[PDB]
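These notes are about the structure you will find just below.
As a convention, Cβ positions derive from the backbone with ideal geometry for all residues, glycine included, and neighbour counts pool all protein chains shown. Only the coordinates and a few stated rules stand behind these numbers; no lab work does.
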Amino acid sequence: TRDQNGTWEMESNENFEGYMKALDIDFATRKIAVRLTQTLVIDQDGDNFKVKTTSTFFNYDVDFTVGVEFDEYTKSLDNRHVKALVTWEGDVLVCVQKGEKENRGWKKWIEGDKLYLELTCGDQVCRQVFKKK
Ligand SMILES: *C/C=C(C)/C=C/C=C(C)/C=C/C1=C(C)CCCC1(C)C
């Protein structure tokens, strides 16, 4: 389904370290974040998304409209400027972050009671799986 609405609690986090290292996230920061359990809160109304990612130490917020390019400055992460665009490929939601890093972005999809997130940067792929709360 395309309906990604809900509160989603992480059950699996594969290769978050590699993704973070490919982004050039500082070594000391990665040590904290690498095995933190995350919660994703997604509010989806038509093409409009509000997404909040929360953990014990880190909170993130991003709002976007599907099909509308937008500049991002990822200063709380790797501190870079990218041009972000989120679109649908079938029922897979695809974000491309155009900039210095190749293959940078993510794919997100629902399969059952679970939300899957694939974060990509360079040659690295992180896969996270969440269950709806
Ligand atoms: C729709 C799914 C989205 C927008 C996923 C967002 C995930 C993040 C913004 C994760 C950010 C972080 C890192 C990449 C490194 C560790 C610190 C975090 C959790 C803020």
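Taking the Cα centre of the chain as origin and assigning +1 to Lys and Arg Cβ atoms and -1 to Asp and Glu Cβ atoms, the resulting dipole is close to 380 debye.
Dividing the summed helix terms, -39500 (n - 2.57) for each DSSP H run of n ≥ 4, by the number of residues in the chain produces a 222 nm estimate of -2500 deg cm²/dmol to the nearest 500. Between the amide H of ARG80 and those of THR74, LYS75, distances stay under 5 Å, these residues lying 5 or more places away or on another chain, with hydrogens modeled in the peptide plane. With θ taken as phi - 60° and the Karplus curve 6.51 cos²θ - 1.76 cosθ + 1.60 applied, the whole-hertz 3J(HN,Hα) list for the stretch 52-60 is 10, 10, 10, 9, 4, 10, 10, 10, 9 Hz, x standing for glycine and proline.
With kT/(6 pi eta Rh) evaluated at 10 °C and eta = 1.306 mPa s, and Rh the Kirkwood radius from Cα pairs, the chain diffuses with a coefficient of 105 µm²/s according to Stokes-Einstein. Ordering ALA33, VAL66, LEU77 by Cα displacement along the dipole of the chain toward the positive end leaves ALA33 in first place; charges were set at the Cβ atoms of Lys, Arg (+1) and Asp, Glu (-1). Among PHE58, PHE130, a tally of other beta-carbon atoms within 10 Å of each Cβ gives an order, fewest to most, of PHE58, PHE130. Give the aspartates and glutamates reachable from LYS131 as a straight Cα distance under 19 Å; neighbours fewer than 8 places away on the same chain don't count. Those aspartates and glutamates meeting the cut-off are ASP3, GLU9, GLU11, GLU14, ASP43, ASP91, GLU111, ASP113, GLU118.
Taking 0.36 nm per residue of separation and subtracting the Cα-Cα distance, full extension of the segment from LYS98 to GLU9 would add 29.2 nm.
When only alpha carbons are used to place a centre, the stretch 20-86 and the stretch 94-122 end up 11 Å from one another.
Potential lengthening of the chain between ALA33 and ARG2 amounts to 8.3 nm, from the contour at 0.36 nm per residue minus the alpha-carbon distance.
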